[PDB]
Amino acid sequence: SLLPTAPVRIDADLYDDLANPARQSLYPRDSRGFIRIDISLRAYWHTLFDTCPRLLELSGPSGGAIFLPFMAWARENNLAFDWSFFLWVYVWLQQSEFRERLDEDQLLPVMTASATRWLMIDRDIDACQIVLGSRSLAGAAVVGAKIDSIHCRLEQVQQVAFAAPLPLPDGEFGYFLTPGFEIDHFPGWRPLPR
């Protein structure tokens, strides 16, 4: 009645393969270790595509044509699956068979996704807003601000227009952090983490 743990016993035995859909097969279909990896791959799947559903217009409904190649490309380039996750998908997309079908309508949802992830998971006490820049978004940036009032009737992520010319970043994306909830100063873009 229980699913056999089969080759392994505890979650720690599965750590290395929790984000590697290639190595999922090496576990028996009916095995519990196969099931647990699937739960964890579904979590990466849904984080990507629930938050950015327009990317399924590129991959098709199964998301396979993006997900598998991006997952394997992520282990290879040892990304941390940090808040830059979404931006790192768009970067992969820029060099995939989909590179001609990227437009602002795909770009902005992944910037809002990374901005929201940062303001949700980040635990740096002296970091209050994130400021995302891309080379495909001149003069503007996507700013993600942590919650600082239970009554803010606005969204925590905003596209903001600068008045002074804003340098294009070196890579496709660049970012910086602000110590309070103001932008008084441009320290220059930092490259995407990892």
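So that there is no doubt, residue numbering starts at 1 and follows the sequence shown.
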Would you determine, from the values in the PDB entry, which of 125 to 133 and 161 to 169 has the greater average C-alpha temperature factor?
161 to 169
Between 74 to 82 and 105 to 113, which has the larger average Cα B-factor in the PDB entry?
74 to 82
Can you pull the Cα B-factors for 36, 42, 146, 29 from the entry and say which is highest?
29
B-factor third for the C-alpha atom of residue 13 within its chain
middle
Entry-reported C-alpha B-factor of residue 183 relative to its chain, by third, is highest
Third of the chain, ranked by Cα B-factor, where residue 48 sits:
lowest
Would you mind ranking residue 55 by its C-alpha B-factor against the rest of the chain and naming the third, lowest, middle or highest?
lowest
Please rank the C-alpha B-factors of the chain's modelled residues and tell me whether residue 152 sits in the lowest, middle or highest third.
highest
